[PDB]
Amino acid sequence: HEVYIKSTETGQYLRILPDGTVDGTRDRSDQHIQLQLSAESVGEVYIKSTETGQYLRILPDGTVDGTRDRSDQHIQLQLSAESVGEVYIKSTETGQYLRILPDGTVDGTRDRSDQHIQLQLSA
């Protein structure tokens, strides 16, 4: 099924744009917030846009973007649950958590105390 990832702090939905850009939006009508999960291996997943087919990617410098290169080795992500409906998205290769900032910016960060990394998963 398709899934929607939203910031529980800001209410912004994770959005993957066709030009490879990733940001946050509260526009529930936006088609590019529709995502889909798939397992690569035990404990790790791919997060794909259903509209564009890009994979969510977390680069070492903290940038978060999209790529259709399924072979890319920064698209391996970890969904860790913190309660029901509630998750963290971490890049196990870099150790960075996915972060959604209230200005709409989406990036990666390594500090677990960050107040913008707790996310909501709905299907």
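We number the residues from 1 along the sequence you see.
Chemist: Take the C-alpha B-factors listed in the entry for 91-99 and for 51-59, compute each mean, and give the stretch with the larger one.
Modeler: Looking at the recorded C-alpha B-factors, 91-99 comes out higher on average.
Chemist: Given the B-factors recorded for C-alpha atoms, which segment has the greater mean, 7-15 or 107-115?
Modeler: Of 7-15 and 107-115, the stretch with the higher C-alpha B-factor average is 107-115.
Chemist: Which one of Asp65, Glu86, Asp69, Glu40 shows the top CA temperature factor in the record?
Modeler: The C-alpha B-factor peaks, among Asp65, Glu86, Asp69, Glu40, at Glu40.
Chemist: Compare the C-alpha B factor of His74 with those of the other modelled residues in its chain, then answer lowest, middle or highest third.
Modeler: As the PDB entry reports it, the C-alpha B-factor of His74 lands in the highest third of its chain.
Chemist: Looking at the C-alpha B-factor of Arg28, is it in the lowest, middle or highest third of its chain?
Modeler: It belongs to the highest third of the chain when residues are ordered by C-alpha B-factor.
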